[PDB]
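Following: one structure in structure tokens, then a few remarks.
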Amino acid sequence: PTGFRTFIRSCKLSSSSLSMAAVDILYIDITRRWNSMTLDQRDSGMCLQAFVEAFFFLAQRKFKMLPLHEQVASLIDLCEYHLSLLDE
Amino acid sequence: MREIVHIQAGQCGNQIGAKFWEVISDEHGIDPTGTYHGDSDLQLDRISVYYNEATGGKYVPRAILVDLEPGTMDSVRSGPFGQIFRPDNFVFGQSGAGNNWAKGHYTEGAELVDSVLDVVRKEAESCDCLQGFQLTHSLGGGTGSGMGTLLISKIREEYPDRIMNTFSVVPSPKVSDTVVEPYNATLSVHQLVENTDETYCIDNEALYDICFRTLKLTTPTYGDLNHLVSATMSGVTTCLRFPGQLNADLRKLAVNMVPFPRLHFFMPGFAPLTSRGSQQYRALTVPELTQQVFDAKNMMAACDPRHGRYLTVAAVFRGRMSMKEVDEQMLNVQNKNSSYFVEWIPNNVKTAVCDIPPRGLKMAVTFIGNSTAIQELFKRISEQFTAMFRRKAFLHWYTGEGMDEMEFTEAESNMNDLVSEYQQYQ
Amino acid sequence: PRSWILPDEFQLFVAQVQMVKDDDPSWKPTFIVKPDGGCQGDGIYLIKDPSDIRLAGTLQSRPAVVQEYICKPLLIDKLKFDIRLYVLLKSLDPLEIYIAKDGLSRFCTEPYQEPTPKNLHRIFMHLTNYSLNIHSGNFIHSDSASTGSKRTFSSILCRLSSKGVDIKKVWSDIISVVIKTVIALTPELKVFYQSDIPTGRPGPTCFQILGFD
Amino acid sequence: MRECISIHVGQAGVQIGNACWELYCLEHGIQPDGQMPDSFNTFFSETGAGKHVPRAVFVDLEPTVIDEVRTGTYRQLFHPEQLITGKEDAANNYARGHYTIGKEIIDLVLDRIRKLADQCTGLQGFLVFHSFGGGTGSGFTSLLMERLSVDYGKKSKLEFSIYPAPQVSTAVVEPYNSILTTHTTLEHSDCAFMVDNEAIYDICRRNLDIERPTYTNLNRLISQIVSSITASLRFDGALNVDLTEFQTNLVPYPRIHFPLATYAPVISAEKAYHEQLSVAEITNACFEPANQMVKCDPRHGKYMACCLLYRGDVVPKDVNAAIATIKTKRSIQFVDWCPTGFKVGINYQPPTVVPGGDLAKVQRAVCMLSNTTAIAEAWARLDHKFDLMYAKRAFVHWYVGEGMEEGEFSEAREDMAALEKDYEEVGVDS
Amino acid sequence: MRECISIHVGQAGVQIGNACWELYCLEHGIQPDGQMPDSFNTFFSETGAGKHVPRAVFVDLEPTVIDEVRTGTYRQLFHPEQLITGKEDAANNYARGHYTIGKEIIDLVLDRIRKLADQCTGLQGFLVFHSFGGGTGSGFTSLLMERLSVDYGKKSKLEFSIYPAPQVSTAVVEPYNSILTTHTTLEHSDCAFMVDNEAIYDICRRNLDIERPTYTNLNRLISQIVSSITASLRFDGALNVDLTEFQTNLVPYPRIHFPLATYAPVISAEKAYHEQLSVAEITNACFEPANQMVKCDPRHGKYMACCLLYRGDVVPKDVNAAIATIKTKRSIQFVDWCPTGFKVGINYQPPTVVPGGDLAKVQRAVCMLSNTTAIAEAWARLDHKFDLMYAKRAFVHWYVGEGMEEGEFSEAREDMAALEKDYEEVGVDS
Ligand SMILES: CC(=O)O[C@H]1C(=O)[C@@]2(C)[C@H]([C@H](OC(=O)c3ccccc3)[C@]3(O)C[C@H](OC(=O)[C@H](O)[C@@H](NC(=O)c4ccccc4)c4ccccc4)C(C)=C1C3(C)C)[C@]1(OC(C)=O)CO[C@@H]1C[C@@H]2O
Ligand SMILES: Nc1nc2c(ncn2[C@@H]2O[C@H](COP(=O)(O)CP(=O)(O)OP(=O)(O)O)[C@@H](O)[C@H]2O)c(=O)[nH]1
Ligand SMILES: Nc1nc2c(ncn2[C@@H]2O[C@H](COP(=O)(O)CP(=O)(O)OP(=O)(O)O)[C@@H](O)[C@H]2O)c(=O)[nH]1
Ligand SMILES: Nc1nc2c(ncn2[C@@H]2O[C@H](COP(=O)(O)CP(=O)(O)OP(=O)(O)O)[C@@H](O)[C@H]2O)c(=O)[nH]1
Ligand SMILES: [Mg+2]
Ligand SMILES: [Mg+2]
Ligand SMILES: [Mg+2]
């Protein structure tokens, strides 16, 4: 969860609409679903596919009324811009 | 009915056998003088499995004790339970074959193997139905590792239809007191692979580990080490001598342990070994015995089962427990540690139950495990052997004692083939 | 082809099949069930209805994949064949993929027919696995590259061109699907490489040879 | 004039026989000395001086199991010739029980069987208790049945077997013996009832609340079933069913003779004082797919035939009402080609409760002999394990080294597959 | 032939059922062990030994509340398998008792309920005892109701439940669970009976004059009301109200089934020697704002249906007099579409007094059931609490972790809002 919250605080996806509680709820739900999906029920943490699902949800939230290919890609561009600002 | 003839070879074999005979005589209730003083009707039903009835309620073991040094015979005779043995079963030589395997397999052993086989035939023929033999020796000396190969080679052709066991002590790399010892081992494994029905690898360093860790023993001796071997020996054959819910004779154990003819090397264990000040803090149940029976710490061989996978597992329980509990416990092991089990053998564990427990105890188990990790032992010796064979070291003794160079290479090839074939099924 | 993961997505598979059947009554699909851990064609069978899935037994705890069966493949000598192609993955960063010019064409031992309830059990005509077809009595071992149950892919391509088929387009789309599979499958390999060979620590380089069916 | 001869083979057979014969002695009122302090002329023979010698032969390949009976509570009950033991066991090897050691002791058992069968006027048939993956209980049973069929053809031979459990097993060579022994079961036994140890463990835990059961409880349950089957032969009452009658009614085709046994009122004597056991209650409890004595579920099968055996205070009106109620239910479904799918039987003798047991003194009890197609699951499971070894040719050298060819394994596999397909084909709808 | 099954679920249900069954046993003469030293048929089943087993199942997802029953006074009364207990408490979570932990115990409860229904020929309905504001009583109750309609469709589902108080609470997560249980109590129930602890505390303080009461007195009052509800199925009287007639005379529209219970002759021993508790007095005492067991002012709303269940020495002419004088005061105003809004039942059995109680002996008692639109006032405060808690997502991660979405929250709030709108609109006049 610390990794997700650092990602959210770094790429500045959080706003008034999406607060920290909503991010935590989303992380918990996605992690629980993907842990139950696998044959082993421990799955302590988040795999890559769950991260893909989370990124898809976040890209759906932003850039409304846009094609899916334009989505995800736009969020990637914004995240890369914010990261470039961060290291610079 | 279904009697076994016992043979002891070498100093290690003689001492282990003496401890074992004290153990069995206590269990069956036998006076050191040879009389029966015991309170049970079940201690004398199958007594005709180790003992012979002499005149006036006297019981005398089979116990063919052999050595090339006449010192161990004197040590055994003047010693606890030492006149319990027939006077003429002592077949002793004049010199202990040094530490030379060639001496005990070709020259000194040859002049004594016929003498041993006379008494071996004399006892066997006085049996109603001979189930088999069992030999206790060590694969690091000349008398032991040479006699226990020559005798076994001539006992196997004479009685091919019988059963042959061997509680051999495999040499350890760390605890070493002999220099030429790897040579002997490399020259014995290849005869202990086609002449015996079973073989139990009893590494000494594992016994020391058990004594130091499980039993909290500051200063162990050889008697403490032989106690565990005797316990395993008794637990192997309890179902031939006392009644049970599910009996398991030696042949029944053999039929479901070796999937292939030459995979007959096993790991022993004894379930309730605890301490002397932790006893009060424990409960004697089936699940705890199964937990201290399958741990890579209660095993009497120096090779980690985590490095390989079991092909089969036996479990001769002794006590008045329930069958459902045993079956449930066995299903949990297999389900919990699935990786440590061959996939093409469903239900690798073979169980058994005998009512009568060892005296004092109210419950015990004897774990016999065929595992691929045993190959480690062999691949741990061969390297040492090679280290001493590329530059011919200490080989003048063996060469001058009648052997030739090609026997060593043949033995190494046989052992390497055994390691490879044990690794094939991993 | 569209796939479902059992037993997790059994309900979704049933609902999708029911909805498509309601939309198109004439729809008569054929599905193929393959175990995840099963190899050499073991445990793979054919079904026509979701109810045909054997859900009674102790072998159903293993995850499985239900896939839309290709009922209409190309037939050579009335035998349906698959192609095993050897692909080299050189590196993940930068990505480098190489494709061999020739492969192995494995043919069925029985004439191919469209899947029907009367011939679902016939694995020889529905499975191209070499280990399964080798036990069939109709398997032919030939030293020639253009005959027998196992042939060279270049020979099959040249026979196809002998009928006027543009082999260049065929090769182009094989390359396209191979590269598409590699790129779709790469990111988890980068994750695994980072997990097993962390940056800044000594480690060997890696490559792989993959058999694409 | 209604005599049955009992045969018990192997450790399981001998222990089940101990339980069964203690039950018969308690029922008919015979002291363990074979002398009373009619209905007994089907399992006992009366000598001149009031002795009652059982009509059974105990045969084993190893001495200890029989020797326990030789010096025990029922020592002065069996004619010591009838107690038969060998010198060495088959060692879980079918080859030893059939080809190496069984042939060495096949003469004494036949001679004693002939001596016993010449002492009867009308013989309903033999009874055989054994195991299925035990070695002696497979090989020697196969040999004995093969010779019995030749010597006593056109005569009933009903066998009770302990089929291997799906998950728990006490041996590693179990599937080999189980697969090799299902040829005389298929072609040399007029009927066969198989029970699973796992199912009885589940029944004991759930119903009798026995947390840690032993083999004695299981054997007592089998003894109860066997007493229920052979009750219309000894005692009298309402509609009575002999061996030939229910053999005809429960076996549609000669290849389908594998029913399942059920005992409904299994109560721990503490739930008895809290519930009434009416005819409808026990009849419903029999059909419940949890109180089954093998690990098969009828819900994934069709109920081909049904036999109901009632003891105690039972009147036909309640039986008919319960059968109708079972008929209305759609969860349990029969096949279509038996509009009348039941054969019922009512006896007056209440079940006998042994001391130190687990049951309760009920007033009425019901025994179900149900022929369904769900058994094809159980065999399949065992079948799977078998080939999982045979692919690697594991443990085969033991069987080969004792006069058994390599083709017998494949022959038995093909036979079992054919039996599976035969059992599946009868489940189709018209 | 008028059997009723009660399902006490959760801790509150269990310890209300203790008092309920104590009162039932006292009423029908049944000892705490089950032997009497017909009328008892509705709640008890008779076995051969003369032992009467209660017709109810106790369910809780934790042992600590049931072992007291199993080791207490009434330990030989209930069936051992009718006291179903889990292993891990639901920890005040709707999702825990509805999706994760309560999903492993539903099968046993359903099987036992089917077993109980198999023993009833004139089954009428179910008496579900549970409580809102708890994990088990909100989740497992929902699961059980949902499936008890998939199975028994036309049977009645009467619900007795504990609602949160205006300001006296126990857990910080009460509004969430009580809102989430609205779906099940709305479209899977026929009459939802609601009582809050604060009102019964006030009743105990004023009427019975007890300064510091506890849960036992509350449960005894609840038991008295429940006994009054079913007192016609078991005893005899002049006007008998059946279970279905009760709800055909109390429920106007399908979704309006949330009545209000009152018990008038609630008096201490000391203050009863001075007051002549005539029929008029107690009938008026029913129509008192400070006497209802839900904290709500009945004068702030309409009156749709009224049922008066009289027990004791009640002659119908005096009932007519009390009803006539009630319809004269303007403080009790009705709906214009219900010119007749009074239903009357009269039975002969007087109420009973348990040893060591707080209720005096009386010869006439009246239970009042009212379908008033004053319940929306009770729902509004809880709705406001829910919105305040949910504005900043609080404790929601607990619910999402066990397998519930936020769509459940949104939909439950909308459903409650729609129900409140329906109740507010049904009060208009035209
Ligand atoms: C404090 C106390 O209760 O002492 C017990 C005892 O239970 C402990 C200490 C015993 C004891 O064993 C040891 O101290 C020991 C030391 C080194 C190596 C092996 C054992 C005991 O010696 C062992 C002895 O066990 C027996 O008597 C068995 O029947 C055993 N007997 C012999 O081996 C034996 C034979 C001849 C003469 C004397 C003893 C046996 C086991 C298997 C098969 C046959 C016999 C018992 C109850 C004790 C002592 C005395 C301390 C243990 O014995 C075994 C092997 O079961 C070691 O751990 C177990 C359980 C206990 O901790
Ligand atoms: N557990 C035991 N190990 C022993 C005993 N005696 C020796 N050994 C071990 O075995 C090895 C030597 O065994 P022995 O001296 O009995 C060999 P043997 O006398 O048969 O050979 P020769 O030297 O040819 O006479 C060496 O590793 C010792 O530590 C003993 O009594 N118990
Ligand atoms: N229900 C029971 N099953 C038993 C009993 N004894 C053994 N068995 C079952 O029998 C199987 C083990 O084989 P057996 O004991 O029948 C071996 P048998 O004596 O017939 O042959 P040998 O191998 O020659 O001793 C295994 O499935 C056990 O669970 C018993 O008393 N009850
Ligand atoms: N009037 C009564 N209210 C009760 C009683 N027992 C509990 N309660 C009330 O119920 C509320 C607490 O819920 P419970 O603990 O009864 C619910 P349950 O045990 O089913 O849920 P878990 O906590 O998940 O086990 C709280 O308002 C209590 O005052 C009782 O006997 N009478
Ligand atoms: Mg020496
Ligand atoms: Mg046996
Ligand atoms: Mg609780």
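Lettering and numbering for the structure tokens are positional, with chains as A, B, ... in the shown order, residues counted from 1 in each chain, and ligands counted from 1 in the shown order.
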How would you report the residues lying within 7 Å of ligand 4, as a compact mmCIF listing (two decimals) with N, CA, C and O atoms, in the first residue's frame, if you count only C-alpha atoms and all ligand atoms?
# COMPACT_ATOMS: atom_id res chain seq x y z
N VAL E 9 -31.27 -16.05 15.76
CA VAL E 9 -29.98 -15.88 15.11
C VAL E 9 -29.26 -14.72 15.78
O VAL E 9 -29.85 -13.65 15.98
N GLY E 10 -27.99 -14.92 16.11
CA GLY E 10 -27.19 -13.90 16.75
C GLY E 10 -27.31 -13.94 18.27
O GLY E 10 -28.14 -14.64 18.84
N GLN E 11 -26.45 -13.16 18.92
CA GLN E 11 -26.42 -13.16 20.38
C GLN E 11 -27.74 -12.65 20.96
O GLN E 11 -28.30 -13.26 21.88
N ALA E 12 -28.24 -11.53 20.43
CA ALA E 12 -29.50 -10.99 20.92
C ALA E 12 -30.64 -11.96 20.69
O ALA E 12 -31.50 -12.15 21.56
N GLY E 13 -30.67 -12.60 19.52
CA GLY E 13 -31.68 -13.60 19.26
C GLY E 13 -31.61 -14.76 20.23
O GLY E 13 -32.63 -15.24 20.72
N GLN E 15 -30.36 -14.83 23.36
CA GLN E 15 -30.76 -14.53 24.73
C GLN E 15 -32.16 -13.91 24.82
O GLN E 15 -32.64 -13.69 25.93
N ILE E 16 -32.82 -13.65 23.69
CA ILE E 16 -34.26 -13.44 23.74
C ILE E 16 -34.99 -14.78 23.68
O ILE E 16 -36.01 -14.98 24.35
N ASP E 60 -25.55 -19.10 15.79
CA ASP E 60 -24.67 -17.97 16.06
C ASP E 60 -23.30 -18.30 15.50
O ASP E 60 -22.86 -19.45 15.54
N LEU E 61 -22.62 -17.28 14.97
CA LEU E 61 -21.30 -17.48 14.38
C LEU E 61 -20.20 -17.29 15.42
O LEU E 61 -19.20 -16.62 15.17
N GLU E 62 -20.38 -17.90 16.58
CA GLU E 62 -19.45 -17.86 17.70
C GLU E 62 -19.98 -18.79 18.78
O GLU E 62 -21.20 -18.97 18.89
N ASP E 89 -16.29 -15.08 15.35
CA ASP E 89 -17.36 -14.11 15.45
C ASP E 89 -17.32 -13.17 14.24
O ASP E 89 -16.26 -12.90 13.67
N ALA E 90 -18.50 -12.67 13.86
CA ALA E 90 -18.61 -11.81 12.69
C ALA E 90 -18.03 -10.43 12.90
O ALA E 90 -17.91 -9.67 11.93
N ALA E 91 -17.68 -10.07 14.14
CA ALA E 91 -16.94 -8.84 14.43
C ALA E 91 -17.65 -7.60 13.92
O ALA E 91 -17.02 -6.67 13.40
N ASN E 92 -18.97 -7.57 14.07
CA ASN E 92 -19.79 -6.39 13.76
C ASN E 92 -19.59 -5.94 12.31
O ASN E 92 -19.44 -4.75 12.02
N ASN E 93 -19.60 -6.90 11.40
CA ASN E 93 -19.38 -6.62 9.98
C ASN E 93 -20.45 -7.33 9.17
O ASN E 93 -20.64 -8.54 9.31
N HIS E 130 -33.77 -11.87 15.65
CA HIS E 130 -32.42 -11.38 15.41
C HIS E 130 -32.38 -9.91 15.82
O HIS E 130 -33.31 -9.40 16.45
N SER E 131 -31.29 -9.23 15.46
CA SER E 131 -31.13 -7.84 15.84
C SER E 131 -30.28 -7.13 14.80
O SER E 131 -29.29 -7.68 14.32
N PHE E 132 -30.68 -5.91 14.46
CA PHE E 132 -29.88 -5.07 13.59
C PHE E 132 -28.62 -4.62 14.34
O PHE E 132 -28.43 -4.93 15.52
N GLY E 133 -27.76 -3.89 13.65
CA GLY E 133 -26.57 -3.38 14.30
C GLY E 133 -25.58 -4.43 14.74
O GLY E 133 -24.81 -4.20 15.67
N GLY E 134 -25.57 -5.59 14.09
CA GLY E 134 -24.62 -6.63 14.42
C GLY E 134 -24.21 -7.37 13.17
O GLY E 134 -24.96 -7.43 12.19
N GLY E 135 -23.01 -7.94 13.20
CA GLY E 135 -22.51 -8.64 12.02
C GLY E 135 -23.37 -9.84 11.66
O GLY E 135 -23.89 -9.93 10.54
N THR E 136 -23.53 -10.77 12.59
CA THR E 136 -24.31 -11.98 12.31
C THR E 136 -25.77 -11.64 12.05
O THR E 136 -26.32 -12.00 11.01
N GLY E 137 -26.40 -10.90 12.96
CA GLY E 137 -27.81 -10.60 12.87
C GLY E 137 -28.20 -9.76 11.68
O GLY E 137 -29.40 -9.62 11.41
N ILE E 162 -34.31 -5.89 16.84
CA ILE E 162 -33.93 -4.80 17.73
C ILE E 162 -33.37 -3.67 16.87
O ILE E 162 -32.39 -3.87 16.15
N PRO E 164 -31.80 0.34 16.38
CA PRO E 164 -31.00 1.30 17.14
C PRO E 164 -31.84 2.40 17.77
O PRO E 164 -32.87 2.82 17.23
N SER E 169 -26.42 3.95 21.83
CA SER E 169 -25.85 3.01 20.88
C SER E 169 -24.77 2.18 21.56
O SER E 169 -24.40 2.41 22.71
N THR E 170 -24.26 1.20 20.82
CA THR E 170 -23.31 0.24 21.36
C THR E 170 -22.05 0.14 20.50
O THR E 170 -20.94 0.00 21.03
N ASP E 196 -36.74 -0.94 20.16
CA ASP E 196 -35.45 -0.40 20.54
C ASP E 196 -35.29 -0.45 22.06
O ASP E 196 -36.27 -0.43 22.80
N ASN E 197 -34.03 -0.54 22.50
CA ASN E 197 -33.76 -0.79 23.91
C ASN E 197 -34.08 0.41 24.79
O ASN E 197 -34.45 0.25 25.95
N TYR E 215 -30.74 -6.41 30.33
CA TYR E 215 -31.28 -7.08 29.15
C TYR E 215 -32.32 -8.14 29.49
O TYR E 215 -33.19 -8.43 28.67
N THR E 216 -32.24 -8.74 30.68
CA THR E 216 -33.15 -9.84 31.02
C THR E 216 -34.60 -9.37 31.08
O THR E 216 -35.50 -10.05 30.57
N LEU E 218 -35.87 -6.76 29.55
CA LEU E 218 -36.26 -6.45 28.18
C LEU E 218 -36.65 -7.71 27.43
O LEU E 218 -37.69 -7.74 26.75
N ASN E 219 -35.85 -8.76 27.55
CA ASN E 219 -36.14 -10.01 26.87
C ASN E 219 -37.42 -10.65 27.40
O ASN E 219 -38.17 -11.26 26.63
| said: Using DSSP secondary structure from the backbone, list all helix (DSSP H, G or I) positions within segment 43-277 of chain B, as a PyMOL selection string. | reply: chain B and resi 70-77+87-89+101-107+110-124+143-158+181-186+204-214+222-236+238-240+250-255
Write the residues of the preceding selection, restricted to C-alpha atoms, as a PDB file, in the first residue's frame.
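Once written, part_11.pdb looks like this:
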ATOM      1  CA  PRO B  70      39.987 -61.759  19.132  1.00  0.00           C
ATOM      2  CA  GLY B  71      39.577 -58.705  21.352  1.00  0.00           C
ATOM      3  CA  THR B  72      35.959 -57.853  20.603  1.00  0.00           C
ATOM      4  CA  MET B  73      34.946 -61.433  21.402  1.00  0.00           C
ATOM      5  CA  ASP B  74      36.457 -61.057  24.873  1.00  0.00           C
ATOM      6  CA  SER B  75      34.811 -57.648  25.250  1.00  0.00           C
ATOM      7  CA  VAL B  76      31.383 -59.066  24.377  1.00  0.00           C
ATOM      8  CA  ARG B  77      31.742 -62.249  26.443  1.00  0.00           C
ATOM      9  CA  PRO B  87      29.819 -70.506  23.368  1.00  0.00           C
ATOM     10  CA  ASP B  88      30.630 -71.834  19.888  1.00  0.00           C
ATOM     11  CA  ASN B  89      29.034 -69.055  17.823  1.00  0.00           C
ATOM     12  CA  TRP B 101      39.509 -54.217   2.759  1.00  0.00           C
ATOM     13  CA  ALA B 102      41.592 -56.489   0.532  1.00  0.00           C
ATOM     14  CA  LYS B 103      42.840 -58.388   3.583  1.00  0.00           C
ATOM     15  CA  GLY B 104      39.352 -59.100   4.894  1.00  0.00           C
ATOM     16  CA  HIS B 105      37.836 -59.771   1.477  1.00  0.00           C
ATOM     17  CA  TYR B 106      40.529 -61.916  -0.130  1.00  0.00           C
ATOM     18  CA  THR B 107      43.074 -63.347   2.330  1.00  0.00           C
ATOM     19  CA  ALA B 110      38.679 -66.287   3.066  1.00  0.00           C
ATOM     20  CA  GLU B 111      40.246 -68.416   5.808  1.00  0.00           C
ATOM     21  CA  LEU B 112      37.260 -67.673   8.080  1.00  0.00           C
ATOM     22  CA  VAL B 113      34.184 -67.370   5.832  1.00  0.00           C
ATOM     23  CA  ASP B 114      33.813 -71.148   5.564  1.00  0.00           C
ATOM     24  CA  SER B 115      34.061 -71.455   9.344  1.00  0.00           C
ATOM     25  CA  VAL B 116      31.311 -68.856   9.711  1.00  0.00           C
ATOM     26  CA  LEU B 117      29.091 -70.490   7.088  1.00  0.00           C
ATOM     27  CA  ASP B 118      29.234 -73.842   8.882  1.00  0.00           C
ATOM     28  CA  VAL B 119      27.572 -72.358  11.971  1.00  0.00           C
ATOM     29  CA  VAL B 120      25.280 -70.262   9.756  1.00  0.00           C
ATOM     30  CA  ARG B 121      23.974 -73.425   8.095  1.00  0.00           C
ATOM     31  CA  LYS B 122      23.840 -75.236  11.439  1.00  0.00           C
ATOM     32  CA  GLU B 123      21.499 -72.594  12.919  1.00  0.00           C
ATOM     33  CA  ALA B 124      19.326 -71.958   9.784  1.00  0.00           C
ATOM     34  CA  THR B 143      36.928 -56.738   8.819  1.00  0.00           C
ATOM     35  CA  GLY B 144      33.496 -55.136   8.748  1.00  0.00           C
ATOM     36  CA  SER B 145      33.319 -53.865   5.180  1.00  0.00           C
ATOM     37  CA  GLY B 146      35.118 -56.918   3.780  1.00  0.00           C
ATOM     38  CA  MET B 147      33.525 -59.717   5.772  1.00  0.00           C
ATOM     39  CA  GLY B 148      30.059 -58.213   5.445  1.00  0.00           C
ATOM     40  CA  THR B 149      30.489 -58.323   1.682  1.00  0.00           C
ATOM     41  CA  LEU B 150      32.105 -61.750   1.271  1.00  0.00           C
ATOM     42  CA  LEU B 151      29.697 -63.401   3.719  1.00  0.00           C
ATOM     43  CA  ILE B 152      26.693 -61.712   2.113  1.00  0.00           C
ATOM     44  CA  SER B 153      27.843 -62.738  -1.368  1.00  0.00           C
ATOM     45  CA  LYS B 154      28.077 -66.392  -0.318  1.00  0.00           C
ATOM     46  CA  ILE B 155      24.858 -66.260   1.839  1.00  0.00           C
ATOM     47  CA  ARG B 156      22.852 -64.847  -1.088  1.00  0.00           C
ATOM     48  CA  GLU B 157      23.605 -67.665  -3.531  1.00  0.00           C
ATOM     49  CA  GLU B 158      22.927 -70.303  -0.873  1.00  0.00           C
ATOM     50  CA  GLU B 181      38.291 -45.359   4.788  1.00  0.00           C
ATOM     51  CA  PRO B 182      36.746 -43.897   1.571  1.00  0.00           C
ATOM     52  CA  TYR B 183      38.480 -46.629  -0.422  1.00  0.00           C
ATOM     53  CA  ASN B 184      36.720 -49.300   1.612  1.00  0.00           C
ATOM     54  CA  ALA B 185      33.340 -47.640   1.164  1.00  0.00           C
ATOM     55  CA  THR B 186      33.806 -47.316  -2.586  1.00  0.00           C
ATOM     56  CA  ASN B 204      27.332 -41.345  12.739  1.00  0.00           C
ATOM     57  CA  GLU B 205      27.229 -37.552  12.467  1.00  0.00           C
ATOM     58  CA  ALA B 206      23.427 -37.649  12.326  1.00  0.00           C
ATOM     59  CA  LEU B 207      23.453 -39.669  15.553  1.00  0.00           C
ATOM     60  CA  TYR B 208      25.708 -37.039  17.121  1.00  0.00           C
ATOM     61  CA  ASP B 209      23.344 -34.311  15.907  1.00  0.00           C
ATOM     62  CA  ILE B 210      20.383 -36.119  17.483  1.00  0.00           C
ATOM     63  CA  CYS B 211      22.261 -36.545  20.761  1.00  0.00           C
ATOM     64  CA  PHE B 212      23.368 -32.903  20.896  1.00  0.00           C
ATOM     65  CA  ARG B 213      20.120 -31.268  19.761  1.00  0.00           C
ATOM     66  CA  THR B 214      17.147 -33.517  20.507  1.00  0.00           C
ATOM     67  CA  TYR B 222      29.043 -45.089  21.642  1.00  0.00           C
ATOM     68  CA  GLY B 223      26.390 -46.731  23.811  1.00  0.00           C
ATOM     69  CA  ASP B 224      24.048 -43.779  23.356  1.00  0.00           C
ATOM     70  CA  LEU B 225      24.620 -43.924  19.598  1.00  0.00           C
ATOM     71  CA  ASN B 226      23.919 -47.669  19.511  1.00  0.00           C
ATOM     72  CA  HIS B 227      20.739 -47.182  21.555  1.00  0.00           C
ATOM     73  CA  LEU B 228      19.055 -45.436  18.617  1.00  0.00           C
ATOM     74  CA  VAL B 229      20.153 -48.106  16.141  1.00  0.00           C
ATOM     75  CA  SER B 230      18.785 -50.819  18.427  1.00  0.00           C
ATOM     76  CA  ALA B 231      15.498 -48.935  18.764  1.00  0.00           C
ATOM     77  CA  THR B 232      15.135 -48.780  14.984  1.00  0.00           C
ATOM     78  CA  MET B 233      16.062 -52.460  14.645  1.00  0.00           C
ATOM     79  CA  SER B 234      13.347 -53.437  17.129  1.00  0.00           C
ATOM     80  CA  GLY B 235      10.781 -51.176  15.474  1.00  0.00           C
ATOM     81  CA  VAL B 236      11.461 -52.718  12.076  1.00  0.00           C
ATOM     82  CA  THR B 238       7.802 -55.589  15.837  1.00  0.00           C
ATOM     83  CA  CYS B 239       4.927 -56.881  13.669  1.00  0.00           C
ATOM     84  CA  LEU B 240       6.549 -60.311  13.340  1.00  0.00           C
ATOM     85  CA  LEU B 250       9.655 -57.556   6.428  1.00  0.00           C
ATOM     86  CA  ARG B 251       8.626 -58.700   2.949  1.00  0.00           C
ATOM     87  CA  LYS B 252       5.496 -56.546   3.083  1.00  0.00           C
ATOM     88  CA  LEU B 253       7.737 -53.564   3.822  1.00  0.00           C
ATOM     89  CA  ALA B 254      10.058 -54.511   0.956  1.00  0.00           C
ATOM     90  CA  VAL B 255       7.256 -54.845  -1.590  1.00  0.00           C
TER      91      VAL B 255
END
| said: When you look at segment 348-355 of chain D with a cut-off of 9 Å (counting only C-alpha atoms), what residues show up, excluding the ones that are within fewer than 5 positions of it in the same chain? I need them as a PyMOL selection string. | reply: chain D and resi 22-23+26-27+220+224+227-228+231+235-238+310-314+360-365
